[PDB]
There are 6 protein chains.
Amino acid sequence: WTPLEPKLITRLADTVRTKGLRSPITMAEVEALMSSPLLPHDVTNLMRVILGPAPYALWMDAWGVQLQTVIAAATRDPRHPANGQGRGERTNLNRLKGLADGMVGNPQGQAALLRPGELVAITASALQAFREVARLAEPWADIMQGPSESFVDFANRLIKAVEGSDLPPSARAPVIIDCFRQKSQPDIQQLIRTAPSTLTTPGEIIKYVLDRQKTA
Amino acid sequence: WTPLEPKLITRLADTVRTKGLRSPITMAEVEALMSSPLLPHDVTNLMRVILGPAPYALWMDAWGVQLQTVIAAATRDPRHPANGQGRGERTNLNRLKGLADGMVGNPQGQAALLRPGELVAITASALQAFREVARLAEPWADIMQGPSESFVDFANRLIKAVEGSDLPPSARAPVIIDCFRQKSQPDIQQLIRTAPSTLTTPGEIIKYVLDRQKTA
Amino acid sequence: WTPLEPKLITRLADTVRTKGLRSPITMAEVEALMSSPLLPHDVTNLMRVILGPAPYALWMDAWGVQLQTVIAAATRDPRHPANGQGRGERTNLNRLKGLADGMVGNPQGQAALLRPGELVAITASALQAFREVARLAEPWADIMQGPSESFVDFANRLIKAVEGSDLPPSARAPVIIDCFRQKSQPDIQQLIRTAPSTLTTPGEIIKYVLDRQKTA
Amino acid sequence: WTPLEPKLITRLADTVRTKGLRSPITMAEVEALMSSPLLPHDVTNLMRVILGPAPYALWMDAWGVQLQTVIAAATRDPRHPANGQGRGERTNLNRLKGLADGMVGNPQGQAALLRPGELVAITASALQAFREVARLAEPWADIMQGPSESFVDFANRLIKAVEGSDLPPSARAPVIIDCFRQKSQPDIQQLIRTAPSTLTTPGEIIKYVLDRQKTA
Amino acid sequence: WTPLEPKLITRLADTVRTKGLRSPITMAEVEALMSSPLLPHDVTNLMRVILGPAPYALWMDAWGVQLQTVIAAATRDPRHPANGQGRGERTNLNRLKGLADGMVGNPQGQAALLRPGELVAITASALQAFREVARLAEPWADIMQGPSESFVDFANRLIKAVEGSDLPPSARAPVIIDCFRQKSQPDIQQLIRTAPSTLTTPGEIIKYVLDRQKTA
Amino acid sequence: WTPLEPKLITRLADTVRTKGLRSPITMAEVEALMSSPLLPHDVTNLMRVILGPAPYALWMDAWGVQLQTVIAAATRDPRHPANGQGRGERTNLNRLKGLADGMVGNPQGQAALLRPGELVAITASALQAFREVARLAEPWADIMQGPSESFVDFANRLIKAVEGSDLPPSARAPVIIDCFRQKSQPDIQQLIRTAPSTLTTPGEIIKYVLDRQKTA
C-alpha cells in the first residue's frame, strides 16, 4: 500500500473549499485522484479530509447505500469481478467497507486480502456517492441558451444538469435531444429543424450544429 | 539508514503550524511521512521538530504507554513479528525505544539490530500516540441552531462536537439524531416531527431537511 | 495494469482548460500522455476527465468511426498486428472498445486479454479522433492587415489561421506567400513587389519587410 | 531517444512569452535546454512549441543557412566530427535536417543513424539561428540624456542601443565614449571635459561621473 | 572535490535568516549539510555565506579553540585518526585550518593531502563551534504564568527556556516539574498540589491540568 | 560542462532587481551561485543576465583590472595554482578571459583546457569585481549605534561598511575596534572600557559584549 500525497490532498481540499462540491473542475479533480483503485482506507480518509463533517456524514450514508446496491447485484450474479465461482468467495459488506476480519484499521492487510474487482467496485460506488452528496448539499427543464452564450457551453451545462438528476438512465438521451430542439434559441432551433438527415443522438446533433453554425 | 528530507520535514512542520494537529490534512501528511517503517531515531527527531515542547512531552508519554501495551501483547503471544521463537529474541522496551545496547544515539547500529516487525510496531505505536496527543491538546449538549444560522452549518458544528468528544463510537448516531430533533429551532423541529417516513440516520435527516426546508 | 498519475491528468486537464483543444502545446501534451499503449479503460477515462461533456460525445463518435475503419482494414488484411493467422483471432469491435466478455469495467482483465497490436491500434485511433474533434470544436482567405495593425501581428494571425486549417501540408507556404502579397495593405504590397531579390519563403518575406518597413 | 519534459518546455514557453526572445534570462534558459545534444526532431519540435508562427519560419530559414555554412566547412575539411575519413561518410543536409532515409518523422531511427558530432553541430547551428532570429524579431545616435533623467539610466539605455545595433564589435567602445561626451547634458559634458585624467573606457567614465556628480 | 549546491546553501541561509541560529530545525538542517566530511574550504565558505559578519567572527574564534583542543588531544594520543604512527604524520593546525603548504586557497590540493580522519575531526569541531556561537549570540527561573495567560502558552514558554539553556540534559525534567509547581499562579498550583495521583513527568502534569482546568 | 539552472538565474535576477546590488542577501545569493568554480563563459553570461547594461560595462572593466592584478601576482610567483613550473604553462589574460585559442565562444573546449586554479582565480576575481561595482553604482565613519538598535546589527553594519571600503586590508581590524569603542552608545562604551581583559580583536569584543550586555 502506498498513500496518496498530502500535497495533492491539500490542493484538492482547497479546491473543494473555494470552488465548492459541484463545480466541473472539482469533479474533474476528484476523478483525477480517483484514477487508481483505492482501498476503503484511502477513500475514507480522503473524504474525511476534503469534506466537512455534515457532508461527510451524508457521504457515508450514500456510500453505504450504493455498496448495498452493488452487493444486491453481486448476489444476483455469481460472476461479479468481486465474487468468485464458489460460495466461499462471496463478498460481504464487511469486506467492502473494510470492516471484515484482518482489515479494521490496517491498510496493509486491507490491500492484502482485497480483490482488484473489489477495489474498482468500491471506487465506483464512492464516486457515485460523492456525486449524490454534491448534488444534495448546496434544474434541467429550466435551462435556456442565453442570447450571448455559445452552443458548446449550453450543451455542457444541459448535459451536466440532465445526467446529474433524478431521471432514469434510459431517459437521458431523448430528454437531451428534445431540450436541444426546444431550447437553444430559435436560430439553432431552425438549424436543427431543417436537418436533411435525422439526428438521433446528442453527439450527432452537437456535431451538426458545430459544422453549420453561424460564425459570429 | 537514510534520513528523511529536511524539505519534507519543514513543509510538514509548517502544515502543523498553520492547520494544527487535528486537521485531516495534517493527519494525512503524517500518514504520508509515516509510510516506510521508521527507526526510533527518525520518529523521535521528527516529533521533536514538528511538535512544540509541551506536545512533545505529551507525545513521549503516550508513545511509551502504547509501546508498553505492545510489549504486554508480545509477552502474551510468542509469535509477535518483533519476537522470535526462542526466549533469546524477546524484545525489551530498551530495544523498542532505541535505548538498548549499541543503539543509543547511533541510527546506523539501530537499523542494523532492529527487526522489520519491530520497526512497523514502533511506527504504529507512534502513529496512535500522535492521534491521542492531537485529540488531547486543543460541548455537544450546549449546541443550538442560531436564529439566523443555516442548517448545514449547524449540522457540521454538531457532528464535529459529537464525534470529537468522549462518547463511545456506538452512541454517536443516536445522540446526533436526538440533537437534531430537540435543537434545530422549532421550524425544523416540526419539519422533522411531521416526517411521513421514519428517519433512522443523520444523513437521511439532513437530506430530508435540505429537500423540504423553507427557502429564505 | 498501472493507472496514469492523477497529477499528470490534472495538469493536462488544466492545460486543455486554458490553452484549448487545438493549441500545439496541448497536442504535444496529449502525445506525451499517449506514449505508452493505453487500454480502452485508460483512454476512455482520460477523455472523460480532460474533455467536457459535448466534446466527449463528439470524441466517442469519432473514436468509434476510426475504430470501424481500422476493423475494415483488418478484415481486408489477415496480417494485422491485432489479428492472428487463424480465423479464431479475428478482432471484433467489442474487443477494441473494451466491450467484449471479461473486459467490461475491469481494466485488469482488459490488460490480460488484449494484444499489444490491439493496444497500439486503439491508441492511434483515439489520437486521430482527438485531432478530428479538436479541429471540429473550434478563415484564412478573409484575413486582412488592418490600417493600424503592425506587420508581425498580421503575419502571426495569418500563419496561425493557415496552419490551423484544412489545407494539405504542402500547400501552406505558397498560400502564406500569396496572402502576404495580396493582403498586407498597399504600402507593404508595393514594398514586396519592388523586391530586387526573389523571396521564396514566408520567413524571407518577413525579414525583408521588417528591414525595409516604414518606421511609424 | 528520450523526449524532453513537457513541464520544462511549458515553463520555457511561458518564459519566452513574458520576457521575450532577447532577454538574457531567456537565452540562459535556452542554453540550459540546449545542454545535451538534441536530435533534429527535438530541436524542431522545441522551436515549434516555444516560438510563434512567424518567428518559427524565420528560425527555419536561419537554421538552414547556418547548416549550409556548416556543410560548406565540412566539404572544406574531411576531418569534421560529423564526417568520416572515406567519402562514404560525407554528411548531406538531408541527414542534418533529419530528411534523410530512415529518419523522416522517426526519432528512434534518427538517434540510431546520427553521429554525436552531427548532433553537436546541429545543436550549435540551431543555437546560432535562435540568436539571429531573436536579434531580428525585436537608434543609438538619437539618444539624449533627458533633463530629469539620472546618468546610470542614460548609460544603460545608450550601451543597450549601441551593443544591440549593426556596428562592428571593435567600434562600440569609442562610439559609447564619444556619445557620453557629446550627449549627457552640458553639466556632465563639462564634468567629463575637465577630467584631470584621461578616460579611455566607458566603465572609467561612468565611475568618474558617479564619483563627482552633482547630488540632486 | 565537489562543491555543495548553492541552492541548498541559499535555502539554508534563508532558514537561518527566518528561524534564527538556535532553532532545532536550523540545527537539523546544519546537521544535514554537515553529513559528508567537508574540507576546510567548504565549511569556511558555508559559514561565510549563512552567518552574518559578527557571528562569523565569533564562529572563527570558537572553531579555532575547538581545533586547538583537538590538537591537544592528538598530541596526547598518537593513535588519532588524523595522526599517523611515526612523528612525520603529526597534524599541525595549519593543516587543519587549511593554512598548510599546498592548501591555501586551493580546494583540490586540500582534498588531495587531507586525511578522512582529519576531515571528520574538522567537521565535528566546526559543528561544536556552531553550537557554541548559536548559544552565545541571541531566563528560566524568571518565568511566571501571567494572570491572563493560558497554561499551554506558559508550558511552551517554560519548556523552551529550560531546554534552550545551560542545564545538563538529566536536570531538565525535574526543573520543569518543580517550575510547574511553584510558578503557574496559585489556582493551578493548588490544582497540581491536590493530585490524587503522583505526577512524575511534565507531559503527565500538562495532561492532568488540561483535563481539570477551570474553563474560563 | 554543465550550465547553471535558468530557474536559479531568474530568481537571482529578480533578487537583484528588487533588493539591489548591495544588499547582504544579494551578496549571499551571489556567493551561493559562486560556489563551484565557474568557467569564464558561465560568469560572463551570469553577469550579462543579472546586471543591467551600464553595471555590466562597469563589471567588465573591474573584472579586467582584477584579472590583471592576478596576472601580475602570477608573473611575480611561478608557483601560482594557475601557472605551471616551466615557462610553457604561464597563463595569459587571453586564457583567463576566455579569449585564447580553442576557447572563444565554446564552453566545452573552455572546460577542457582550463585548470582548476585558473577557475578559482577567475571566480574570486569576478566576485571582487562584483563587490566593487556594487559599491560604486548606487560611509564607515558616519555609523552610529541607534538608541533602539541591538549590538549585533550595529556590528554587522559597521563591519560591512568597513570591509567594503577603500581602506587597506591591514587597517580594517584597528578601525573596527576603535569604532566599537567610540560609537556604540555610552552604555556599551563603558562596558568595553571597563574590560578587565584587553580585547585585541573585533570577534573578542563582540563575544565580551554579548556575554555582559544588559538584557532588555
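Just so it is clear, chain A uses Swiss-Prot numbers, and the residues here are 250-387, 391-468, in order.
So how was this one determined? The header says electron microscopy, 7.4 Å.
Here the Cβ of each residue, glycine as well, is placed from N, Cα and C on the backbone.
Within the listed segments A:290-298, A:401-409, A:419-427, Swiss-Prot records region 'Involved in capsid protein dimerization' for the stretch A:290-298. For the region 'Involved in capsid protein dimerization' (A:290-298), same-chain residues at least 6 beyond its ends with a Cβ under 8 Å from one of its own Cβ atoms are 250, 252-253, 258, 262, 282, 305, 308-309, 347, 356, 359, 371-372, 375, 379. Same-chain neighbours of the region 'Involved in capsid protein dimerization' (A:351-362): 250, 252, 288-291, 344, counting only residues six or more beyond its ends whose CB sits under 8 Å from a CB of the stretch. Between A:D418 (site 'Involved in capsid protein dimerization upon acidification') and A:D430 (site 'Involved in capsid protein dimerization upon acidification'), the C-alpha separation comes to 17 Å. Within 10 Å of the Cβ of A:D430 (site 'Involved in capsid protein dimerization upon acidification') there are 10 other Cβ atoms, across all protein chains. Measuring straight across the break, from A:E387 to A:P391 at the CA atoms, gives 13 Å, with 3 residues left unbuilt in between. According to its DSSP assignment, A:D418 (site 'Involved in capsid protein dimerization upon acidification') is coil. Residue counts for the region 'Involved in capsid protein dimerization' (A:290-298) by DSSP state, with H, G and I taken as helix and E and B as strand, are 9 helix, 0 strand, 0 coil.
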